[PDB]
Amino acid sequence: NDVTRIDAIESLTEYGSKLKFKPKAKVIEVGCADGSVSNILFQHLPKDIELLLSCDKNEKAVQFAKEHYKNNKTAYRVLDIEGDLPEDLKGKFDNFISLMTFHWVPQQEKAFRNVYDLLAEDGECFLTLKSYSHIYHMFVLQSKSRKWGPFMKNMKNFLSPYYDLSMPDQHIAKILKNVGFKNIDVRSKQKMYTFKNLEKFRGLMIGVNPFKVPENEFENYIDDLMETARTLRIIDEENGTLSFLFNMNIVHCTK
């Protein structure tokens, strides 16, 4: 939540001047999770806007957002952007935003067709997503191991679709062009983030981890996962810091 939080802010600084909102714009954010990043996003949108609808596949995250982060301008909804859109949303939106979400979506063409179908004419789309990452690579090392590999077979659906692609900016631009977008700008960025608390970090690994292993093996599984960061030598053992690289892709496009 702190990696994506700073990336959210980083991305909206860099692209603030480039992102245009018509007067009284309907904005839809996808992947609002708990809504603490939805709120930061909201403080960066123009006052003029009519609606920020924030969406997540996670019904429990959407409920927490309603309880805590609601105001007269925002509403929340359970929505799978890989699934079929509800009729009343089709064509209603001036601006579509998705920060650090689309790397969780395996069906990229389907999802981008649904972004398109959501937008009114001259809609702008603004996305950020991971390709390569040192975090993912930690999981890839784990999956090689004789012990943990049998429980890590859904690995490709967890990794960014762009983890091992050459020129993912151009693969994305192609999908977008093909779906029917215009003014397609895809830009790749190399990011570095430094963790200062190794206890907090192990917690985030347990948090990001999607593989089910036997309960009795779970502490060992996580121990070996923490060893993969020592293997890549991205832990600094004296000063208790972990600094990890990840590639970001920023998408800006219009209907």
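We number the residues from 1 along the sequence you see.
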| item | value |
| --- | --- |
| Higher-B stretch (mean Cα B-factor, as the entry records it), 119 to 127 or 135 to 143 | 119 to 127 |
| Between the two ranges 97 to 105 and 68 to 76, the one averaging a larger CA B factor in the entry | 68 to 76 |
| B-factor third for the C-alpha atom of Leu51 within its chain | highest |
| CA B-factor placement of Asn197, once the chain's modelled residues are sorted into thirds | highest |
| Ranked against its chain, the third holding the CA B-factor of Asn1 | highest |
| Ranked C-alpha temperature factor of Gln170 among modelled chain residues, by third | middle |
| Third assignment of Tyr15 from its chain's C-alpha B-factors | highest |
